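Asks: part one of the complex, untouched from its place in the assembly:
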Amino acid sequence: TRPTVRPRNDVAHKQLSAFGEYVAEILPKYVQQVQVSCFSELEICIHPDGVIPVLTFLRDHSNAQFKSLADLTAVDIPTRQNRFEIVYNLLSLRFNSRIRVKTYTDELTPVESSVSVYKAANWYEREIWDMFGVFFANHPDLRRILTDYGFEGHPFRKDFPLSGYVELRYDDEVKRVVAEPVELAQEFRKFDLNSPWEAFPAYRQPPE
Amino acid sequence: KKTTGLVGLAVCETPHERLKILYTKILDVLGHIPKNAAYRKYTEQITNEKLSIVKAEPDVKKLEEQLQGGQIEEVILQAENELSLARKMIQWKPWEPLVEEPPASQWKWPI
């Protein structure tokens, strides 16, 4: 078990467990999950109303500094009514630790636009608005950045397929470039690789 | 001091009493906050610990090596932002019990 399998530290696990229990006790208004994985990186799962209060707490308080802001994405999970998952990622300059603030959200109701306390979140929020459509009320400027202007569809969803619906070509008829419905030259074959036989017995969900 | 390692932050000349009136304002605005929650307990405990660090030490460099938050003026700025959360958390009632639940088949991952 020891060679070529990465060992761990239970000490960091106990530290993050006690810290997450502490944060869960002292902000009871929005805490739903505080989960700790095997390799000690914290996850805090949050209702979509305490975005500004929880981030104003987590920027400060001298027990959890966490100035460094990272990724924002809202992992598209169907079979839910609240589809999208806004994932804040926070890194502490003072304590060297990573916490993942996963707040949940639906298709049409906005979360509260974290750019007010995080100046790094501006183009992150603009990117999420362009690729998904998660609206951000009380935001300075929402535009389409990382897509074409005349293109729409919010393509990083699961409803948007791999190929786009439109496809450009130049033509000398109207002496310019026009978009057409997509005419693929090949299929993009689909390999049914989801093999049976239960490779992980621990992660079995209870069937009906 | 003389020209600290940060950039948009010039050195202060009276760190001690400025930091002390900062933390007494922290105790005042915490005195605004209601009682029964433990948020008052943790903030009061850490603030009294840090004030007990600073009251027992009139030094500078030993005060930096003992009190975390190197070097010095980050503690002052962090105290300002701690006052900022204090002012913002008279309102917004973080200690009150929960708003309604998710549909409970959402935070389980493996779909």
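Replies: Done, it's in. Residues are numbered from 1 along each chain as shown, chains lettered A, B, ... in the order given.
Asks: okay, now the residue in chain A positioned nearest to chain B: neighbour count?
Replies: Here chain A gets closest to chain B at one residue, residue A:60, 4.3 Å apart by C-beta to the nearest C-beta. C-beta here means a position set from N, CA and C on the backbone, and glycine is covered the same way. Neighbours of residue A:60 under the rule other C-beta atoms under 10 Å in any protein chain shown: 23.
Asks: that one contacts residue B:82, correct?
Replies: Yes - counting by C-beta atoms under 8 Å, residue A:60 touches residue B:82, with 5.4 Å between them.
Asks: quick one on the thing from earlier: residue contacts, the residue of chain A closest to chain B?
Replies: Taking C-beta atoms under 8 Å, 6 or more residues apart in numbering or on different chains, we find residue A:60 in contact with B:78, B:81, B:82, B:84, B:85.
Asks: doesn't the third one belong to a strand?
Replies: Spelled out, it's residue B:82. No - judged by DSSP: H, G, I helix; E, B strand; the rest coil, residue B:82 forms no part of a strand; its state is helix.
Asks: quick check, central residue of the chain?
Replies: In the absence of a named chain, this looks at chain A. What sits nearest the mean C-alpha location of chain A, by C-alpha atoms, centre = their mean, is residue A:73, with 2.6 Å.
Asks: my bad, chain B
Replies: Most central in chain B (C-alpha atoms, centre = their mean) works out to residue B:82, at 4.0 Å.
Asks: wait, what's in contact with it?
Replies: Residue B:82 makes contact with A:60, A:61, A:62, B:26 under the criterion C-beta under 8 Å, 6+ apart.
Asks: could you also fit chain C onto it:
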Amino acid sequence: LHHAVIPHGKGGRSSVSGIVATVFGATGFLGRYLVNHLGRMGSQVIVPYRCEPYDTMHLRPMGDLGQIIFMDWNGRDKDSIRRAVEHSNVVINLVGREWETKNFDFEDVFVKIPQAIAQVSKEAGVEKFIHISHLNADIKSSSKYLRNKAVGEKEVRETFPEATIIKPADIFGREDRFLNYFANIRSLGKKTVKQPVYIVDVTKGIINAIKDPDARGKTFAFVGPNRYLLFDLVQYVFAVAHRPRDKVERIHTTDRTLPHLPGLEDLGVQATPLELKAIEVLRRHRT
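Replies: Okay, here's chain C dropped in alongside the others:
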């Protein structure tokens, strides 16, 4: 007929459409637009050129991957022409320089070129051969151009009789000849009534007639929608453009309708007027 000539699915960008078209010419104006609309249809075009490959290079990427194909032809041998028309569904004949050269007159391009290609075509077994002609090309006077075209008309009518002999009026567009000469002026003023027809309705009519069978044998003529004076049209050109011998005789010669032969209405295509497309194309004036 064999498979992969039948249509397949929708249209455009290597969707396998019906016709395989051998085109003579296509380096000029109307043939280039015709290859363009067949590429929008998604039809394989076999075109031979005689010039530098740079011209067929800047009209090359009209098709999809490897659809259109380029080869060589010459105005002398039946072997290269026959090799170009070995396997063809349809074939169109568009050729002609509007001034005599050292090695070619108005005679024997319009005369000798449809003879040999119609010979190897009728010995080859092609169908829906479309031969262009200028409108009102007569046995009458004033043009070696028009009389050699009338001789070629009689040739294509006599041998291989079920050819679509087609004629538009004098067409205008992005690379017009006579509107360019209207721009390249100086002057003189005459009278002639004239109807101009825009180029895209003409080539839409040609591709619709070549893809729609049962409309064969009949010669067609395309009609301009306005049909008024030439000098009023020149005043219109200078007004919209903001500034105050063979070609000029062949525009002053003859412009009439013929009630014998059918035109646009037996095809079902909307006519674009002179005014809209003329405002679209009259760029390149002072600011």
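Asks: ok chain C is loaded, check the contacts of residue B:82 again?
Replies: Contact partners of residue B:82, counting by C-beta under 8 Å, 6+ apart, are A:60, A:61, A:62, B:26.
Asks: ok, which stretches of chain B are helices?
Replies: Ranges of helices within chain B are B:15-32, B:39-55, B:61-66, B:73-88, based on DSSP state H.
Asks: what is the burial count for residue C:277?
Replies: Residue C:277: 18 neighbours (other C-beta under 10 Å).
Asks: looks like it contacts residue C:198 (just checking).
Replies: Yes - under the criterion of C-beta under 8 Å, residue C:277 makes contact with residue C:198 at 4.8 Å.
Asks: overlap in contacts, these two.
Replies: With C-beta under 8 Å, 6+ apart as the test, residue C:277 and residue C:198 both reach C:172, C:173.
Asks: the closest residue to chain B within the stretch 101-250 of chain C and residue C:43, how far apart?
Replies: Residue nearest to chain B within the stretch 101-250 of chain C: residue C:211 (50.7 Å; C-beta to the nearest C-beta). Residue C:211 sits 8 Å away from residue C:43, taking C-beta to C-beta, to the nearest Å as the criterion.
Asks: if you count surrounding residues, which of the two has more?
Replies: residue C:43 (26 against 17).
Asks: how many neighbouring residues does the residue in chain A positioned nearest to chain C have?
Replies: In chain A, the residue that lies nearest chain C is residue A:183 (4.0 Å; C-beta to the nearest C-beta). Other residues lying near residue A:183 total 17 when counted by other C-beta under 10 Å.
Asks: contact partners for residue 30?
Replies: Picked chain A for this. Shown in contact with residue A:30 (C-beta under 8 Å, 6+ apart): A:46, A:47, A:49, A:50, A:53, A:54, B:94, B:98, B:99.
Asks: chain C is the one I meant
Replies: By C-beta under 8 Å, 6+ apart, the contact set of residue C:30 is C:94, C:132, C:171, C:199, C:202, C:203.
Asks: let's add chain D too:
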Amino acid sequence: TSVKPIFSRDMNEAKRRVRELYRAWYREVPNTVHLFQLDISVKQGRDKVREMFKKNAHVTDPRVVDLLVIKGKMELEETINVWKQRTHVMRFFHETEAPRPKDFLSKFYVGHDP
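Replies: With chain D now in place:
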């Protein structure tokens, strides 16, 4: 069932914002068709604009109307700047066929399109 809408209370503010947005598109069209050196009469462009408005008149849900207003405002900004080129503006139009009608027999000749 708690749902937080964007702007709307009833469809009155929806009607108000969409008529103001259409006024903005009306005074948006001639400046752009003069600026991009386009090739289309103003009547045809305005009729295609109001046709695109009349396409989605079948929506009564107010959040959807709010999101349509926000999308139209975004593209009105991006066309009132010079950020979008000639290609996208012509791409709104359809001058390159696309000839496909909705006849039964026409789809029966060029088959397998039910």
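Asks: the neighbour count of residue C:277 with chain D there, same question as before?
Replies: Residues near residue C:277, counting by other C-beta under 10 Å: 19.
Asks: now do residue B:11
Replies: Neighbour count for residue B:11, taken as other C-beta under 10 Å: 13.
Asks: I figured it hits residue B:73, correct?
Replies: Yes - between residue B:11 and residue B:73 there is a contact at 6.9 Å, judged by C-beta under 8 Å.
Asks: overlap in contacts, these two.
Replies: residue B:4.
Asks: which other helices and strands does whichever strand or helix holds residue D:18 contact?
Replies: Here residue D:18 sits within helix D:11-26, counting by DSSP states H and E. Under the contact definition 3 or more C-beta pairs under 8 Å, 6 or more residues apart in numbering or on different chains; DSSP states H and E, helix D:11-26 sits against helix D:42-55, helix D:62-80.
Asks: out of those, the one nearest chain B is which?
Replies: Of the helices and strands packed on helix D:11-26, nearest to chain B by C-beta to the nearest C-beta is helix D:62-80, at 20.0 Å.
Asks: counting neighbours, which bits of that closest one end up buried?
Replies: For helix D:62-80, burial by neighbour count (16 or more other C-beta atoms under 10 Å in any protein chain shown) applies to D:62-63, D:65-69, D:72-75, D:78-80.
Asks: cool, stretch C:132-144 as well?
Replies: For stretch C:132-144, by 16+ other C-beta under 10 Å, it's C:132, C:133, C:134, C:135, C:136, C:137, C:143.
Asks: need the contact partners of that stretch.
Replies: C:30, C:92-94, C:100, C:105-107, C:145-147, C:149-150, C:152-153, C:165-170, C:221-222, C:246, C:249-250, C:253-256, C:258.
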